[PDB]
file my_file_10.txt (compact mmCIF, N, CA and C atoms)
# COMPACT_ATOMS: atom_id res chain seq x y z
N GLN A 1 -57.39 1.03 21.12
CA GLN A 1 -56.91 1.32 19.80
C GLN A 1 -57.22 2.74 19.35
N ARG A 2 -56.90 2.94 18.09
CA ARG A 2 -57.12 4.21 17.43
C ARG A 2 -58.47 4.20 16.77
N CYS A 3 -59.12 5.33 16.65
CA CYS A 3 -60.48 5.34 16.17
C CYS A 3 -60.78 6.72 15.61
N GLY A 4 -61.93 6.79 14.95
CA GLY A 4 -62.50 8.02 14.44
C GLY A 4 -61.63 8.74 13.41
N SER A 5 -61.76 10.06 13.32
CA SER A 5 -61.09 10.83 12.29
C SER A 5 -59.56 10.75 12.48
N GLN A 6 -59.01 10.74 13.70
CA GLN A 6 -57.58 10.55 13.88
C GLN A 6 -57.10 9.17 13.57
N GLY A 7 -57.96 8.17 13.68
CA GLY A 7 -57.52 6.81 13.48
C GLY A 7 -58.12 6.14 12.27
N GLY A 8 -58.41 6.79 11.17
CA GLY A 8 -58.82 6.06 9.99
C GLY A 8 -60.30 5.85 9.82
N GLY A 9 -61.10 6.24 10.81
CA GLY A 9 -62.55 6.11 10.70
C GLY A 9 -63.10 4.86 11.37
N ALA A 10 -62.22 4.18 12.10
CA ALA A 10 -62.57 3.01 12.89
C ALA A 10 -63.51 3.32 14.07
N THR A 11 -64.41 2.39 14.39
CA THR A 11 -65.23 2.44 15.59
C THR A 11 -64.41 1.67 16.62
N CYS A 12 -64.51 1.95 17.89
CA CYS A 12 -63.77 1.20 18.86
C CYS A 12 -64.33 -0.21 18.99
N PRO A 13 -63.45 -1.24 19.08
CA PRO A 13 -63.77 -2.59 19.56
C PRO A 13 -64.50 -2.51 20.91
N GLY A 14 -65.58 -3.27 21.12
CA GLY A 14 -66.35 -3.21 22.36
C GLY A 14 -67.26 -1.98 22.49
N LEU A 15 -67.46 -1.26 21.39
CA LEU A 15 -68.27 -0.04 21.33
C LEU A 15 -67.90 0.95 22.43
N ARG A 16 -66.59 1.09 22.69
CA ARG A 16 -66.14 2.04 23.66
C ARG A 16 -66.12 3.41 22.96
N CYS A 17 -65.90 4.42 23.77
CA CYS A 17 -65.91 5.83 23.33
C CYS A 17 -64.61 6.12 22.61
N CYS A 18 -64.72 6.92 21.55
CA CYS A 18 -63.56 7.35 20.80
C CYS A 18 -63.34 8.80 21.16
N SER A 19 -62.20 9.16 21.75
CA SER A 19 -61.96 10.54 22.12
C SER A 19 -61.71 11.38 20.86
N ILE A 20 -61.68 12.71 21.00
CA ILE A 20 -61.37 13.58 19.86
C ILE A 20 -59.93 13.38 19.41
N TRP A 21 -59.08 12.81 20.27
CA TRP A 21 -57.69 12.53 19.90
C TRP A 21 -57.51 11.19 19.19
N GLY A 22 -58.58 10.43 18.94
CA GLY A 22 -58.53 9.20 18.16
C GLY A 22 -58.09 7.96 18.93
N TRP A 23 -58.45 7.86 20.19
CA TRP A 23 -58.12 6.71 21.01
C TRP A 23 -59.39 6.20 21.70
N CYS A 24 -59.47 4.91 21.98
CA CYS A 24 -60.62 4.28 22.62
C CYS A 24 -60.53 4.23 24.13
N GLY A 25 -61.62 4.37 24.89
CA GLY A 25 -61.55 4.33 26.33
C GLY A 25 -62.94 4.47 26.90
N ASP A 26 -63.01 4.48 28.21
CA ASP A 26 -64.28 4.43 28.94
C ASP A 26 -64.51 5.50 29.99
N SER A 27 -63.48 6.31 30.21
CA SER A 27 -63.49 7.34 31.25
C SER A 27 -63.97 8.64 30.65
N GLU A 28 -64.22 9.64 31.48
CA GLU A 28 -64.64 10.95 31.04
C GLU A 28 -63.79 11.59 29.93
N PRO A 29 -62.43 11.59 29.90
CA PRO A 29 -61.64 12.10 28.78
C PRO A 29 -62.01 11.49 27.45
N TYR A 30 -62.46 10.24 27.49
CA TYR A 30 -62.85 9.55 26.29
C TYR A 30 -64.30 9.68 25.94
N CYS A 31 -65.14 9.64 26.96
CA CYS A 31 -66.58 9.55 26.80
C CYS A 31 -67.40 10.80 27.04
N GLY A 32 -66.78 11.81 27.65
CA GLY A 32 -67.46 13.03 28.05
C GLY A 32 -67.34 14.16 27.05
N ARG A 33 -66.86 15.28 27.58
CA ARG A 33 -66.73 16.51 26.84
C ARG A 33 -65.79 16.33 25.66
N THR A 34 -64.68 15.61 25.86
CA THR A 34 -63.76 15.39 24.77
C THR A 34 -63.98 14.12 23.94
N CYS A 35 -65.21 13.66 23.82
CA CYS A 35 -65.54 12.48 23.08
C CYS A 35 -65.95 12.81 21.68
N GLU A 36 -65.55 11.98 20.74
CA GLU A 36 -65.88 12.15 19.35
C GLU A 36 -67.03 11.24 18.92
N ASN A 37 -67.07 9.99 19.37
CA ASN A 37 -68.19 9.14 18.99
C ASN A 37 -68.32 8.02 20.01
N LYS A 38 -69.54 7.41 19.97
CA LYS A 38 -70.04 6.46 20.97
C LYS A 38 -69.86 7.05 22.36
N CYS A 39 -70.38 8.28 22.53
CA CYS A 39 -70.17 9.06 23.73
C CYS A 39 -71.34 8.88 24.67
N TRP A 40 -71.13 9.25 25.93
CA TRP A 40 -72.15 9.13 26.95
C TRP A 40 -73.38 9.91 26.55
N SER A 41 -73.22 11.07 25.96
CA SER A 41 -74.36 11.88 25.57
C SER A 41 -75.18 11.28 24.43
N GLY A 42 -74.73 10.21 23.77
CA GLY A 42 -75.38 9.68 22.59
C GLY A 42 -76.41 8.58 22.89
N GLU A 43 -76.65 8.28 24.15
CA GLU A 43 -77.63 7.25 24.48
C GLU A 43 -78.99 7.73 23.98
N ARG A 44 -79.72 6.84 23.32
CA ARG A 44 -81.08 7.08 22.88
C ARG A 44 -81.97 7.47 24.04
N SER A 45 -82.97 8.34 23.79
CA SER A 45 -83.91 8.77 24.84
C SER A 45 -84.74 7.58 25.37
N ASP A 46 -84.97 6.60 24.49
CA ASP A 46 -85.67 5.37 24.86
C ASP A 46 -84.77 4.27 25.43
N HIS A 47 -83.48 4.59 25.54
CA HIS A 47 -82.47 3.72 26.10
C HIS A 47 -82.27 2.39 25.40
N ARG A 48 -82.72 2.13 24.17
CA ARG A 48 -82.48 0.90 23.45
C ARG A 48 -81.01 0.89 23.06
N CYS A 49 -80.41 -0.28 22.93
CA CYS A 49 -79.01 -0.35 22.51
C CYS A 49 -78.87 -1.68 21.80
N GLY A 50 -77.69 -2.01 21.29
CA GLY A 50 -77.56 -3.26 20.59
C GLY A 50 -77.71 -3.08 19.10
N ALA A 51 -77.64 -4.22 18.44
CA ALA A 51 -77.51 -4.24 17.01
C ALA A 51 -78.75 -3.74 16.29
N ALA A 52 -79.93 -4.04 16.81
CA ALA A 52 -81.18 -3.59 16.22
C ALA A 52 -81.27 -2.06 16.11
N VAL A 53 -80.59 -1.29 16.99
CA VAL A 53 -80.64 0.16 16.89
C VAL A 53 -79.31 0.76 16.50
N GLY A 54 -78.51 -0.06 15.84
CA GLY A 54 -77.23 0.36 15.28
C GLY A 54 -76.13 0.58 16.29
N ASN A 55 -76.15 -0.23 17.34
CA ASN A 55 -75.17 -0.19 18.40
C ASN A 55 -74.84 1.19 18.96
N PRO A 56 -75.85 1.91 19.46
CA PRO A 56 -75.67 3.23 20.04
C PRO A 56 -74.96 3.12 21.38
N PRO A 57 -74.33 4.15 21.93
CA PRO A 57 -73.76 4.13 23.26
C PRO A 57 -74.78 4.10 24.39
N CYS A 58 -74.32 3.88 25.61
CA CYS A 58 -75.12 4.06 26.80
C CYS A 58 -74.38 5.17 27.51
N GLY A 59 -75.00 5.78 28.50
CA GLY A 59 -74.48 6.91 29.22
C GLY A 59 -73.53 6.45 30.27
N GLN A 60 -73.12 7.41 31.08
CA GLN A 60 -72.17 7.19 32.14
C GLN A 60 -72.70 6.20 33.16
N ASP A 61 -71.85 5.19 33.43
CA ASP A 61 -72.11 4.09 34.35
C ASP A 61 -73.30 3.28 33.94
N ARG A 62 -73.62 3.23 32.67
CA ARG A 62 -74.70 2.42 32.21
C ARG A 62 -74.08 1.50 31.19
N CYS A 63 -74.73 0.35 30.95
CA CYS A 63 -74.18 -0.72 30.16
C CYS A 63 -75.29 -1.23 29.30
N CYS A 64 -74.97 -1.79 28.15
CA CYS A 64 -75.96 -2.30 27.25
C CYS A 64 -76.19 -3.76 27.55
N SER A 65 -77.39 -4.12 27.97
CA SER A 65 -77.63 -5.49 28.37
C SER A 65 -77.82 -6.36 27.15
N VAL A 66 -77.76 -7.69 27.36
CA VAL A 66 -77.98 -8.63 26.29
C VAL A 66 -79.38 -8.55 25.70
N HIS A 67 -80.34 -7.92 26.43
CA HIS A 67 -81.69 -7.78 25.91
C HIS A 67 -81.84 -6.51 25.09
N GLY A 68 -80.83 -5.65 25.03
CA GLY A 68 -80.91 -4.50 24.16
C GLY A 68 -81.38 -3.22 24.84
N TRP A 69 -81.07 -3.01 26.10
CA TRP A 69 -81.44 -1.81 26.83
C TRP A 69 -80.26 -1.35 27.63
N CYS A 70 -80.03 -0.05 27.69
CA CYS A 70 -79.05 0.53 28.56
C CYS A 70 -79.62 0.60 29.95
N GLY A 71 -78.79 0.47 30.96
CA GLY A 71 -79.18 0.62 32.34
C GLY A 71 -77.97 0.43 33.20
N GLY A 72 -78.13 0.54 34.50
CA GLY A 72 -77.06 0.47 35.46
C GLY A 72 -77.31 -0.73 36.35
N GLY A 73 -76.26 -1.12 37.07
CA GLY A 73 -76.31 -2.23 38.00
C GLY A 73 -76.17 -3.59 37.35
N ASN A 74 -76.20 -4.60 38.20
CA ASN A 74 -75.99 -6.00 37.82
C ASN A 74 -76.78 -6.53 36.64
N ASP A 75 -78.05 -6.14 36.51
CA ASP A 75 -78.90 -6.67 35.45
C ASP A 75 -78.50 -6.22 34.07
N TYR A 76 -77.66 -5.18 34.05
CA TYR A 76 -77.20 -4.60 32.81
C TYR A 76 -75.72 -4.76 32.60
N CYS A 77 -74.95 -4.69 33.67
CA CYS A 77 -73.51 -4.58 33.63
C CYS A 77 -72.62 -5.77 33.94
N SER A 78 -73.17 -6.73 34.66
CA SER A 78 -72.38 -7.86 35.10
C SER A 78 -72.46 -9.02 34.15
N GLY A 79 -71.45 -9.87 34.31
CA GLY A 79 -71.24 -11.09 33.56
C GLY A 79 -72.47 -11.84 33.15
N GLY A 80 -72.61 -12.01 31.85
CA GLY A 80 -73.71 -12.74 31.31
C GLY A 80 -74.81 -11.78 30.96
N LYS A 81 -74.97 -10.70 31.70
CA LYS A 81 -76.06 -9.78 31.43
C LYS A 81 -75.70 -8.63 30.51
N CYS A 82 -74.40 -8.39 30.31
CA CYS A 82 -73.92 -7.23 29.57
C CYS A 82 -73.33 -7.60 28.24
N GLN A 83 -73.75 -6.97 27.13
CA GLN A 83 -73.15 -7.25 25.84
C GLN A 83 -72.14 -6.19 25.45
N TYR A 84 -72.20 -4.93 25.91
CA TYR A 84 -71.10 -3.99 25.66
C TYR A 84 -71.15 -2.83 26.61
N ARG A 85 -69.99 -2.17 26.78
CA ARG A 85 -69.73 -1.04 27.67
C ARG A 85 -70.06 -1.56 29.06
N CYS A 86 -69.33 -2.59 29.52
CA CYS A 86 -69.79 -3.27 30.71
C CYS A 86 -69.40 -2.89 32.12
N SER A 87 -68.75 -1.77 32.50
CA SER A 87 -68.67 -1.31 33.91
C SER A 87 -68.88 -2.32 35.08
N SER A 88 -68.08 -3.36 34.91
CA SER A 88 -67.99 -4.63 35.64
C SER A 88 -67.45 -5.40 34.41
N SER A 89 -68.30 -6.16 33.67
CA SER A 89 -68.02 -7.03 32.53
C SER A 89 -68.94 -8.23 32.68
call {"tool": "encode", "arguments": {"input": "my_file_10.txt", "output": "structure tokens"}}
result
Amino acid sequence: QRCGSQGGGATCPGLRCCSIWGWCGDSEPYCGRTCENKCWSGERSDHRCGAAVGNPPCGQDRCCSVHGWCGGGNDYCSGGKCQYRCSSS
């Protein structure tokens, strides 16, 4: 969908990255240099994620687990273990 300043001020469904052009996605055009919000660079230094820390992004190839931490691989990204930005699902 549409998001951010181009799209009415919406956050992306699934806490995906909002590009500067106002569209949601998960790839570098959306999440990297041309990202407007929930970008790869916005992951907390302590890597917490989830609702308790205001649903911050995780970095590239990292996923927010159901326990509230960003990380990579199955324990963070795969079915049942991932609550958003799931690089698997």
call {"tool": "atom_distance", "arguments": {"input": "my_file_10.txt", "atom1": "atom N of residue 83 of chain A", "atom2": "atom C of residue 66 of chain A"}}
result
6.0 Å
call {"tool": "residues_around", "arguments": {"input": "my_file_10.txt", "residues": "residue 81 of chain A", "least_positions_apart": "3", "cutoff": "5 Å", "atoms": "all atoms listed in the file", "output": "ChimeraX atom specification"}}
result
/A:65-66,76,78
call {"tool": "atom_distance", "arguments": {"input": "my_file_10.txt", "atom1": "atom CA of residue 3 of chain A", "atom2": "atom CA of residue 77 of chain A"}}
result
23.9 Å
call {"tool": "select_by_dssp", "arguments": {"input": "my_file_10.txt", "residues": "chain A", "states": "helix (DSSP H, G or I)", "output": "list in words"}}
result
residues 13, 14, 15, 28, 29, 30, 31, 40, 41, 42, 51, 52, 53, 74, 75, 76 and 77 of chain A
call {"tool": "closest_residue", "arguments": {"input": "my_file_10.txt", "among": "A:39, A:20, A:31, A:64", "to": "residue 51 of chain A", "atoms": "only C-alpha atoms"}}
result
A:64
call {"tool": "residues_around", "arguments": {"input": "my_file_10.txt", "residues": "residue 70 of chain A", "least_positions_apart": "4", "cutoff": "10 Å", "atoms": "only C-alpha atoms", "output": "ChimeraX atom specification"}}
result
/A:43-44,46-50,56-59,61-66,75-77,82,84-85
call {"tool": "closest_residue", "arguments": {"input": "my_file_10.txt", "among": "A:25, A:80, A:55, A:41", "to": "residue 68 of chain A", "atoms": "only C-alpha atoms"}}
result
A:55
call {"tool": "atom_distance", "arguments": {"input": "my_file_10.txt", "atom1": "atom CA of residue 74 of chain A", "atom2": "atom CA of residue 1 of chain A"}}
result
27.2 Å
call {"tool": "select_by_dssp", "arguments": {"input": "my_file_10.txt", "residues": "chain A", "states": "strand (DSSP E or B)", "output": "number ranges by chain"}}
result
A: 2, 17-19, 23-25, 35-37, 48, 63-65, 69-71, 82-84
call {"tool": "closest_residue", "arguments": {"input": "my_file_10.txt", "among": "A:22, A:32, A:42, A:72", "to": "residue 5 of chain A", "atoms": "only C-alpha atoms"}}
result
A:22
